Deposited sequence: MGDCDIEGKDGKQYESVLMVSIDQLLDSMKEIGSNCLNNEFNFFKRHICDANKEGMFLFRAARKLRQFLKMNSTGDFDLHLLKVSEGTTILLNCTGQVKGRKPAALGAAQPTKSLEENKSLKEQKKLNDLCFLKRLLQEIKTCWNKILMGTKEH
C-alpha cells in the first residue's frame, strides 16, 4: 500500500514543504526533543509515523479551511489510515517534522522490497 503514499499522501507532504522552502535557514536548528526521543529506527518506523502524524494535528487552527490546513489534515489522517494537546506555531518544527515523515516513509518503502 506504499503506492497510496507515493501517489496520494506524498502529494500533500510535498506541497506543504513547498510553502515552507523560504523558511528554515534562521531558527536555532538544535534538534528539538521530539526527535531526540523519537526516531524512525529500523523496524520501529510505524511507531514514529504514528506519533509524527499525531504531532501534526497540533498545527491545525480552528478554522480548518484552507489549502494549508487541508494538506496537514490529509497527511496525518492519511498516514493514520494506512497503519492502524497544546497548539504549536513554530514552522521550523513543522518543516522538520514533515521532512522526517517523508524519510520514514521511504524506509518503510525501500524496506518491503526486502522482507
Identify which parts of the deposited sequence carry no C-alpha coordinates, going from the N-terminal end onward.
1-9, 94-123
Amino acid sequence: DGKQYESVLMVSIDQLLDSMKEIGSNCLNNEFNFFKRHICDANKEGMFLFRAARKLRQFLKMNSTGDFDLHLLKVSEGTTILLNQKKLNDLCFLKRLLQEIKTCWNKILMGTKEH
From here on, numbers count along this sequence of modelled residues.
Using only C-alpha atoms and the B-factors in the entry, which stretch averages higher, 20-28 or 101-109?
20-28
Pick between 46-54 and 63-71: the one whose mean CA B-factor in the entry is higher.
63-71
Here the Cα B-factor of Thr79, set against its chain, lands in the third termed lowest
